[PDB]
Amino acid sequence: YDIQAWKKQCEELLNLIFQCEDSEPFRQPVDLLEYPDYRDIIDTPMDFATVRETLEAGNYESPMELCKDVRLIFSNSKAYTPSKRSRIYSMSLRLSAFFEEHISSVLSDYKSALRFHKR
Ligand SMILES: COCCn1cc(Br)cn1
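For the sequence shown, position 7 (counting from the first letter as 1) is numbered 1322 according to PDB author numbering, and the numbering increases by one without interruption.
Here you go:
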């Protein structure tokens, strides 16, 4: 029932993601010189360095907010891919599967802890 435990659990999960080769295209903002029309397609760019910085700045109140930003990395990849067989999109699908598998217990534990706090 530790209401704060999600933060370190999210830092460790972000460390795992950074070690994964599939995270390479998503570790820093999409390069607008490389993809000049990116902002015509994507309204809200997001990447794992921005997620890690928001977390370290104390600017996420819950793991749900972190999860919404991480999911935005994956939905941006899906929206910008010209094909469902592209390299970067294929990497995003595996990384999303890994992320969802690991974040489930973090979300569950946090929601359980908050319900106990207000019991
Ligand atoms: C890392 O992303 C670079 C921009 N982009 C390429 C595809 Br495919 C999807 N998004």
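From the three backbone atoms N, C-alpha and C, an ideal C-beta is built for every residue, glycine too.
- The three-state reading of DSSP puts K1393 in helix, counting H, G and I together.
- For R1386, the shortest separation between its Cβ and any heavy atom of ligand 1 does not lie below 8 Å.
- Here the C-alpha atom of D1317 lies approximately 13 Å from the C-alpha atom of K1433.
- With a cut-off of 8 Å, the C-beta of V1345 is classified as near ligand 1, since at least one heavy atom of the ligand falls inside that distance.
- Within the same chain, Cβ atoms closer than 6 Å to the Cβ of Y1353 are found at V1345, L1347, the five residues on either side in sequence being excluded.
- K1323: member of the alpha helix (DSSP H) spanning 1321–1334, first to last residue.
- If you look at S1420, you'll find it in the alpha helix (DSSP H) that goes 1402–1432.
- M1361 is the residue among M1361, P1378, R1400 whose C-alpha sits nearest the C-alpha of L1387.
- If the five residues before and after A1428 are omitted, its C-beta is found closer than 7 Å to the C-beta atoms of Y1316, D1317, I1318, all from its own chain and listed in chain order.
- With respect to the 9 Å criterion, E1326 and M1406 are not classified as neighbours on the basis of their beta carbons.
- Counting only heavy atoms of ligand 1, the residues whose C-beta sits closer than 6 Å to one of them are, along the chain, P1340, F1341, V1345, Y1350, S1392, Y1395, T1396, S1401, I1403, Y1404.
- If you ignore the 5 residues before and after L1329, its C-beta comes within less than 6 Å of the C-beta of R1367, all in its own chain and listed in chain order.
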